[PDB]
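Before any questions on binding or motion, here is one chain by itself as C-alpha cells, the form deposited in one PDB entry.
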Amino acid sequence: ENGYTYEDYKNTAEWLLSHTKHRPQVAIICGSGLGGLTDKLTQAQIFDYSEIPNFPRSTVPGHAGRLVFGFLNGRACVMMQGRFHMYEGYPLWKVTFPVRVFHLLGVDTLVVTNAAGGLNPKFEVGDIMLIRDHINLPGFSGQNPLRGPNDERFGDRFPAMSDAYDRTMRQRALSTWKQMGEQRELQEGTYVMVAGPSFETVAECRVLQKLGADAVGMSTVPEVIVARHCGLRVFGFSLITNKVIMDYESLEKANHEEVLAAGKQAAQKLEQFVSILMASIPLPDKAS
C-alpha cells in the first residue's frame, strides 16, 4: 500500500515493459553477498533503480542497487540486486514495492534470498536454509507491508501466510539439493524477521530461539506478504552467514561480510542452487 497508488505501480511496470525486451516470469531478490547471481543472467538488461519511475532509490552504493532483467537457466528472471530493508528507513511499502511491480510485470514466482544469523545450533556458517515459514516480528507490531487499505486489485484484505513458502518448491528444492548430491545438508527453518538494524544481544537471540526461529535476519517476511498477497509463488533461502551467539562469553563469533569462501563459496553455492532451481519453476502457461 501507502504513498503509492495503483497507477504508480502500473506506470512503473508499464515503463519497464515498454523499456525492456524481457517479460520476466520469475523475480529474484538477492541478499547481501548474493548479488553475484546477477552474473548468471544472460542477455542482462540492467536498470538503475534510479531510472525507474517509482522505485525506491537506494540509500548510497547503491551500486550494489540495480534491477537486472535476465535469463536464468530456463526462465525469464527479473532480479533485484540490493534489496531495501526497513532498517535503512523506507517503509514496508517501499521494501515490498518492487514486488508489486514484478507481479504487474506478469512475474508469478518470487524467490528471495538473504543472509541470516543461525539460531538453530545444528547450523553452520555456509549453510543454506530453505525458508519453510517465517516469524514476522515487525508484522505483529503494525509494521506489515499491507498495513492501510487493501487494493482488491492485488489481493485480499486478509491474505493467508500459513502457506507463504510453496510445499511444491520446497519439495522440488529439497529434491534438487540431493539430485546434485552435496557438501552439507540443505537445512530448513523458520526465519525470524527482526527489524532494525544493531545485531541482537544474547538475551535477544535466546528469545528468537524459544520463539522458535532458526535463522534470524532482516528482509523477506514484507516481499513474502506482498507476494503471497498478490498470488506470487514464493520460496527462498537464507545463507547462514553467522552462528548467532546463544550464550555468554568474551570476544567471539560474527559476521557475514568477513568469511573467506564461507562468504563467497557459500554465496556461489546458493547462487547456483538458485540458478538450477529455475528448472523447477513451473513454466507459466498452465504449460505441460
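Start at 1 with the first residue shown and count on from there. Between two forms, the rigid core is defined as the largest C-alpha subset superposing within 1.5 Å.
Same protein, other form: the form deposited in another entry, not shown, and the subject of what follows.
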| query | finding |
| --- | --- |
| C-alpha of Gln45 off by 2 Å or more between this form and the one not shown on rigid core | no |
| Large Cα move at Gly231 between this form and the one not shown, threshold 2 Å, rigid core | no |
| Core-aligned C-alpha movement of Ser58 between this form and the one not shown, 2 Å or more | yes |
| In the other form, whether the C-alpha atoms of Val259 and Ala116 sit closer or farther than here (change of 3 Å or more) | closer |
| Outcome for the Cα pair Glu14, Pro61 in the other form, compared with this form (closer or farther; change of 3 Å or more) | closer |
